[PDB]
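Peer 1: I would like to see how this sequence folds:
(one chain, ligands or ions: 2)
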Amino acid sequence: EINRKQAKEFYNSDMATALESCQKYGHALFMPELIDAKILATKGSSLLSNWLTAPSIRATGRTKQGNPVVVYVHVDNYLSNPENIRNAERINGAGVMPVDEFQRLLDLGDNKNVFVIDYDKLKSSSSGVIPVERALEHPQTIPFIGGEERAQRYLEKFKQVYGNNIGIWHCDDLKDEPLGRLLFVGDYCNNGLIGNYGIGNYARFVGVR
Ligand SMILES: [Mg+2]
Ligand SMILES: [Mg+2]
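Peer 2: Numbers count the residues shown, from 1 in each chain. Ligands and ions are numbered 1, 2, ... in the order given. For reference, the structure is listed below:
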């Protein structure tokens with residue numbers, strides 16, 4: 001398994017330990033490259049049969065003007081540092097982030113590396129399995145995966161590998177603090193785009209050297 005360079009997978013029941021191993025080796029792929037890597041992979045690959053974790057996050061908080069928003073982050077952030085995964089406060093599984101950090105990510109909102117979307121828009125959307133047909137119009141799909149092209153790309157692969165219904169999952173993380181969760185992409189068992197999973201526990205990263 002090489003992704004142009006040598007690529008090892010990094011599992012642990014302690015997320016911080018897994019990420020730390022991954023970062024000692026090389027660097028962990030964020031969700032866009034994680035997704036692509038799967039698209040490049042052929043039937044039989046552990047990339048297709050194991051669920052996977054990315055240091056990408058889904059964060060919920062307030063803009064300076066105090067509007068609730070959800071942002072999907074595919075760059076280095078507070079929760080892609082293992083020491084923070086260990087030590088930050090957790091509220092229903094989500095890690096607490098500094099207001100400064102959440103606002104720094106808000107300002108990086110292009111629609112390419114960081115996607116900001118409206119809280120009510122996600123909260124009114126489904127959390128669960130839906131036909132691939134309806135996937136792309138779901139508020140999570142495109143920011144989650146990182147681009148409309150890439151998302152339609154993966155949905156293609158998805159129909160071929162996992163089938164005709166996809167899991168798009170999320171929960172309500174609007175609380176008195178900014179809250180982040182690392183993103184998971186499922187397998188045959190755990191199906192789809194998983195953004196309601198708690199931090200600190202099971203994780204499987206992909207590192208490249
Ligand atoms: Mg632990
Ligand atoms: Mg805080």
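Peer 1: which part of this protein gets nearest to ligand 1, residue-wise?
Peer 2: In the chain, the residue found nearest to ligand 1 is residue 14; the distance is 4.2 Å by Cβ to the ion. C-beta: built from backbone N, CA, C; applies to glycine.
Peer 1: list the contacts of that residue.
Peer 2: Shown here is residue 14, whose contacts under the criterion Cβ atoms under 8 Å, 6 or more residues apart in numbering are 200, 201, 203.
Peer 1: touching, the second one and residue 16? I think so.
Peer 2: No: taking contact to mean Cβ atoms under 8 Å, the distance of 9.8 Å between residue 201 and residue 16 leaves them out of contact.
Peer 1: okay, the two: which has more neighbours?
Peer 2: Taking neighbours as other Cβ atoms under 10 Å, residue 201 and residue 16 compare with residue 16 leading, 19 against 12.
Peer 1: hmm, that one is touching residue 83, no?
Peer 2: Yes: with contacts defined as Cβ under 8 Å, residue 16 counts as touching residue 83 at a distance of 7.5 Å.
Peer 1: nearest residue to the middle of this protein?
Peer 2: Nearest to the geometric centre of the chain sits residue 183, at 2.3 Å (Cα atoms, centre = their mean).
Peer 1: against which helices or strands is the strand ranked longest in the chain packed?
Peer 2: The strand spanning the most residues in the chain, taking DSSP state E as the definition, is strand 52-62. If contacts are counted by 3 or more Cβ pairs under 8 Å, 6 or more residues apart in numbering; DSSP states H and E, strand 52-62 sits against helix 15-25, helix 31-40, strand 68-73, helix 99-107, strand 179-185, strand 203-208.
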